[PDB]
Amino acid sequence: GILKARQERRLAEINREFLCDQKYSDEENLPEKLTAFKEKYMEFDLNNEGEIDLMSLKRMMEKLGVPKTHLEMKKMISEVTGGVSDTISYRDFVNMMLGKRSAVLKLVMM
């Protein structure tokens, strides 16, 4: 409970940083999209760092009824992180959701 409430205020701080980021100065409905992405990201069982790891993905694909193998999950993450981290951070998740590049995880969400 306390873990999740402090998780979301950490995500809220990040959203507030995006609301002021000149990169997204274009985006229409930005406050709304960011709220929705925070709620979606909060649906994962995040790791000790508050990030989506192999475990978080596994649990999510299973809740959603979508079969993924070890390697497919590995690839779903490196695809979204461009291969520089083995976990998806909220920043990476938001940039994924806003970005025009397609991603298996982005397409799995919807």
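Sequential numbering from 1, following the sequence displayed.
- Mean CA B-factor, 22-30 versus 38-46: the higher value falls on 22-30.
- Sort the modelled residues of the chain by CA B factor and residue 15 lands in the lowest third.
- In this PDB entry, the Cα temperature factor of residue 102 sits in the top third of its chain's modelled residues, the highest group.
- In the PDB entry, residue 66 places in the highest third of its chain by CA B-factor.
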